[PDB]
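Novice: First, the structure itself, so that you have it in front of you.
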Amino acid sequence: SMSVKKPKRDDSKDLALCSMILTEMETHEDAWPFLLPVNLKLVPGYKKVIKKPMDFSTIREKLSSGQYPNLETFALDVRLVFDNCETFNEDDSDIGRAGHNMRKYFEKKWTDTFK
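Heads up, the sequence shown is in the working numbering, so the first residue is 1 and it goes up one at a time.
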């Protein structure tokens, strides 16, 4: 509350560390469905169904331009990428499996870096 604070966690490396995680996600062999925004002109149903499209290149631009106020807002966008994927793709599809794999990959890096 006012004048009552938990000890100050060092957040000075968060930006660099989120960048590193994101590089690792970008270079994963199963990243290909997520690298670029879904083409809303060419994929029927995507625009209407997925109310908040997100992809790694969009995260990278937001990260590089100071648009994440904290590491939780960064995680929220990464998770959004996989939540969107699950919304639109059957589990038993290459893309559906890619999304599950990448989410797992992400969550482990996240826990290991920050928890």
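Ideal placement from N, C-alpha and C gives every residue a C-beta, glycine not left out.
Using beta-carbon positions only, say whether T58 and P37 come within less than 8 Å of one another.
Specialist: yes
Novice: Below 6 Å CB to CB, which residues in the same chain sit around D77 once its five sequence neighbours on both sides are set aside?
Specialist: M54, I59
Novice: Using the C-alpha atoms, what's the distance from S1 back to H100?
Specialist: 39 Å
Novice: Evaluate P7 with the Cβ neighbour count: other Cβ atoms within 10 Å of its Cβ, from every protein chain shown; 16 or more gives buried, anything less gives exposed.
Specialist: exposed
Novice: Which parts of the stretch 45 to 90 are runs of the alpha helix (DSSP H), unbroken and 4 residues or longer, counting only runs that do not cross its ends?
Specialist: 46 to 49, 56 to 64, 71 to 88
Novice: Can the beta-carbon of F34 be found closer than 8 Å to that of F56?
Specialist: In contact: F34 and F56 (Cβ atoms closer than 8 Å).
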